[PDB]
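Engineer: The structure's right below; bear with me while I get my questions together.
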Amino acid sequence: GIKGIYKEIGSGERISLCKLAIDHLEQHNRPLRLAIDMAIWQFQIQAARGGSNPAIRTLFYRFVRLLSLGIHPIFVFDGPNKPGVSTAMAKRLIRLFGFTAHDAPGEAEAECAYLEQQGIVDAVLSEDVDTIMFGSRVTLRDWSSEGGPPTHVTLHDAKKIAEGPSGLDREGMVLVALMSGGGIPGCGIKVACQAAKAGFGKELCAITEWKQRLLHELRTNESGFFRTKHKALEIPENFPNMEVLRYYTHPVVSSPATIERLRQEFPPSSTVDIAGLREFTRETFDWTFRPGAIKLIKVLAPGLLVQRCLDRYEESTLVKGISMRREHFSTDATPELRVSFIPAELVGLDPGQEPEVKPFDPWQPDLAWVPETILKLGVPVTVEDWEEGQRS
DNA sequence: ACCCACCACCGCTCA
DNA sequence: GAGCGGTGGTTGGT
Ligand SMILES: [Mn+2]
Ligand SMILES: [Mn+2]
């Protein structure tokens, strides 16, 4: 649920997460804040195979990707007030990356939408579009390839939907969920959408006046709100159930006090725990000894580089040089510079103090495409010299 | 009596 | 959660 909603509101704009990140950083002069429904992982990460704990290993890699994007994420967990990777390990790993874990009192997607409304986050990444019913304005879904590397997302805009052909707004979709559900039998997304379009989605708190209006409209269709008449659809008395109505209208979410607490404490003083990550990966992935250390260095270095650029907003302690420029399609033509750096020097781990058991040398220069905007923010002098040398 | 377009629903598969 | 074909039902007819 809601089944068939995408044929009504649209499938959504497919867009590079990098583009969303960099555009917001340019438009709003600070990194994008994104609430992530923790329920999204449940079917995406238990598809990885091989090695030790591949499910949380997938989680590790998408966290490194979040670093590379410069996104400030907050992962929201479900609460018990709702009407196989460990939560403990997920939260432990979230802290090691300098990210934020947040426990909803009830359903996470309701909390995520609430956080967005309160200006705690700029957008929501969830299983589906249910977030719109809980007040979300910008909601993201399907963080995946476009495949290979997971670079793109599917963006739904609540205002544009309420204007587009469906005319489905928040209270329209509630009525759809009220009548269709998954409650009137024989109904019915098509009819529910037509009922919503007629404006029956208010529901501004003796409600039986309203109920026998559309009930009259469903069987006679004198206003012509429908393609046909529906004398077969017969409506229960409990309906419209009002517990259900305000499960959407005021879902159980964090207290005002919690909101203002988050408002001062998120984003946190984000810092990646290197030594913490080294122990985690050794314990959980069997990334043991010198090979395991080098493996962590290689994977973590680029994101750690991006992350430290923004955090200052000669310092060649980050970028050793620049050599190219591109507007690749994977980022929807977001200007990137080919950047060099020393992985082990940047991560700050010495593979030597670990036992030894073509290849990759963490002490030699590695290359990475980093968004030009982030580089100008973090290493402005090196970028100007690159621009200077290239007008010759 | 029968056709017909539309639709709601079920079972299916992959996440 | 979300895509597919079947299909049984409803509607408005033919
Ligand atoms: Mn949920
Ligand atoms: Mn949902």
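Residues 2 to 84, 97 to 159, 163 to 198, 204 to 226, 235 to 342, 357 to 400, 431 to 465 in UniProt numbering are what the first sequence lists, from first letter to last. Note that beta-carbon positions come from the ideal geometry of N, C-alpha and C, so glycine has one too.
1. Measuring from each Cβ to the nearest heavy atom of ligand 1, keep the ones under 7 Å and list them in chain order.
2. Cβ-heavy atom distance between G2 and ligand 2 below 8 Å?
3. Report the residue from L171, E379, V190 and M271 whose alpha carbon sits nearest the alpha carbon of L440.
4. Would you mind stating whether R275 and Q131 have Cβ atoms separated by less than 9 Å?
5. For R242, is the classification buried or exposed, using 16 other Cβ atoms within 10 angstroms of its Cβ as the cut-off for buried?
6. Between the alpha carbons of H25 and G204, how many angstroms are there, rounded?
7. Whose C-alpha, out of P118, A48 and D38, is nearest the C-alpha of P285?
8. Which same chain residues, not among the five before or five after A387, have their C-beta less than 6 Å away from its C-beta?
9. For the structure I just gave you, are there three or more beta carbon pairs, one from the stretch 152 to 159 and one from the stretch 240 to 258, closer than 8 Å?
10. Just curious, the alpha helix (DSSP H) that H25 is in, first and last residue?
11. With a threshold of 8 Å (Cβ to nearest heavy atom), would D143 be considered close to ligand 2?
12. Does the distance from the C-beta atom of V190 to that of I210 stay below 9 Å?
13. Quick check: the stretch 303 to 322 against the stretch 134 to 144, are at least 3 beta-carbon pairs closer than 8 Å?
14. In the structure shown, what three-state DSSP assignment does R341 receive?
15. Excluding five sequence neighbours on each side, which residues of the same chain lie with their C-beta closer than 7 Å to the C-beta of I447?
16. Residues in the same chain with beta-carbon distance under 6 Å from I23, minus the five sequence neighbours each way, listed in chain order, please.
17. For the stretch 139 to 146 against the stretch 100 to 114, are there 3 or more C-beta pairs whose distance is under 8 Å?
18. Tell me which residue opens and which closes the beta strand (DSSP E) that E379 is part of.
19. Name the DSSP bridge partner or partners of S157?
20. Comparing alpha-carbon positions, which option in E457, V273 and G188 lies nearest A174?
21. In terms of DSSP beta bridges, what is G364 paired with?
22. Can you tell me whether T257 is helix, strand or coil according to DSSP?
23. Could you check how far apart the C-beta atoms of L184 and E9 are, in whole angstroms? I think they sit under 8 Å.
24. When you compare each of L109, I46, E246 and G391 to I264 by their alpha carbons, which one comes out closest?
25. For my contact list, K20 and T374 are in at a C-beta cut-off of 8 Å; report their separation, rounded to the angstrom.
26. Using C-beta distances below 6 Å, list every residue in its chain close to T59, excluding the 5 sequence neighbours before and after it, in chain order.
27. Look at the alpha carbon of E272 and the alpha carbon of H279, and state the distance between them as a whole number of angstroms.
28. Consult DSSP for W442 and reduce its assignment to one of helix, strand or coil.
29. Along the chain, where does the beta strand (DSSP E) that runs through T113 open and close?
30. Would you say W442 and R381 are within 9 Å of each other, going by their C-beta atoms?
31. Check this for me: beta carbons of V452 and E358, under 9 Å apart or not?
32. Going by DSSP, what residue range makes up the beta strand (DSSP E) through residue 1?
33. Cutting at 6 Å between CB atoms, please list the residues of its own chain near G2, excluding the five before and the five after it.
34. Looking only at its chain, what residues have a beta carbon closer than 6 Å to the beta carbon of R34, apart from the 5 residues adjacent to it on each side?
Structural biologist: Let me spell this out:
1. Working through the chain, the matches are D38, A40, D79, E120, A121, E122 and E140.
2. Along the first sequence, one-based indexing puts residue 2 at 1. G2 Cβ: within cutoff of ligand 2.
3. Here residue 440 is taken as the residue at index 367 of the first sequence, counted from 1. Looking at the Cα atoms, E379 is the closest of the given residues.
4. Sequence index remark: in the first sequence, residue 275 carries index 246 (1-based). Sequence index remark: in the first sequence, residue 131 carries index 118 (1-based). Taking 9 Å as the cut-off, the beta carbon of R275 is found no closer than this to the beta carbon of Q131.
5. Translated into positions along the first sequence, residue 242 becomes position 213. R242 is exposed by the Cβ-count criterion.
6. For this step, residue 25 is matched to residue 24 along the first sequence. For this step, residue 204 is matched to residue 183 along the first sequence. Straight-line Cα distance between these residues: approximately 41 Å.
7. Working through the first sequence from its first residue, we reach residue 285 at position 256. Per the Cα distances, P118.
8. Within the first sequence, residue 387 is the residue found at index 344, counting from 1. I326, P435 and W436, listed in sequence order.
9. no
10. Counting from one through the first sequence, the residue named residue 25 turns up at place 24. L18 to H29 is the span of the alpha helix (DSSP H), which, as asked, contains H25.
11. Translated into the one-based positions of the first sequence, residue 143 becomes position 130. Flag set: Cβ of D143 near ligand 2.
12. Working through the first sequence from its first residue, we reach residue 190 at position 174. Working through the first sequence from its first residue, we reach residue 210 at position 189. By the CB criterion at 9 Å, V190 and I210 fall outside the cutoff.
13. Three or more beta-carbon pairs separated by less than 8 Å are not found between the stretch 134 to 144 and the stretch 303 to 322, which leaves the two stretches without contact.
14. Stepping through the first sequence from its first residue, residue 341 is reached at position 312. The answer is coil: DSSP assigns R341 none of H, G, I, E or B.
15. Walking along the first sequence from the start, residue 447 turns up at place 374. Cβ within range, chain order: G71, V335, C338 and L339.
16. On the first sequence, residue 23 is found 22 positions in, with the first residue counted as 1. Taken in chain order, the residues that qualify are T377, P444 and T446.
17. no
18. As a position in the first sequence, residue 379 is number 336, starting the count at 1. Note, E379: beta strand (DSSP E), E379 to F384.
19. Locating residue 157 in the first sequence gives position 144, where the first residue counts as 1. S157 pairs with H168.
20. Here residue 174 refers to the residue found at position 158 of the first sequence. Ranking the options by Cα distance to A174, first place goes to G188.
21. Indexing the first sequence from 1 puts residue 364 at position 321. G364 pairs with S383.
22. The residue you call residue 257 lines up with position 228 of the first sequence. It is coil, neither helix nor strand.
23. Numbered from 1 along the first sequence, position 168 holds the residue referred to as residue 184. Numbered from 1 along the first sequence, position 8 holds the residue referred to as residue 9. Contact holds; Cβ gap of about 6 Å.
24. Stepping through the first sequence from its first residue, residue 264 is reached at position 235. Minimum Cα distance to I264 is reached at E246.
25. Translated into positions along the first sequence, residue 20 becomes position 19. Translated into positions along the first sequence, residue 374 becomes position 331. Correct: roughly 6 Å between the Cβ atoms.
26. As a working note, residue 59 is residue 58 in the first sequence. Around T59: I46 and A49.
27. Here residue 272 refers to the residue found at position 243 when the first sequence is read from its first residue. Here residue 279 refers to the residue found at position 250 when the first sequence is read from its first residue. So the alpha carbons of these two residues sit roughly 10 Å apart.
28. Taking the first residue of the first sequence as position 1, residue 442 is located at position 369. Reduced to three states, the DSSP call for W442 is strand.
29. Locating residue 113 in the first sequence gives position 100, where the first residue counts as 1. First-last of the beta strand (DSSP E) with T113: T113 to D116.
30. Start at 1 with the first residue of the first sequence, and residue 442 comes out as number 369. Start at 1 with the first residue of the first sequence, and residue 381 comes out as number 338. For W442 and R381, yes; Cβs fall inside 9 Å.
31. For the purposes of this step, residue 452 is identified with residue 379 of the first sequence, where counting begins at 1. For the purposes of this step, residue 358 is identified with residue 315 of the first sequence, where counting begins at 1. Yes, Cβ-Cβ distance for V452 and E358 is below 9 Å.
32. It is not possible to answer for residue 1, since the shown part of the chain is limited to 2 through 465.
33. Indexing the first sequence from 1 puts residue 2 at position 1. Closer than 6 Å at Cβ, skipping near neighbours: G198.
34. Numbered from its first residue, the first sequence carries residue 34 at position 33. If we look at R34 and ignore the five residues flanking it on each side, its Cβ neighbours are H73, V134 and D135.
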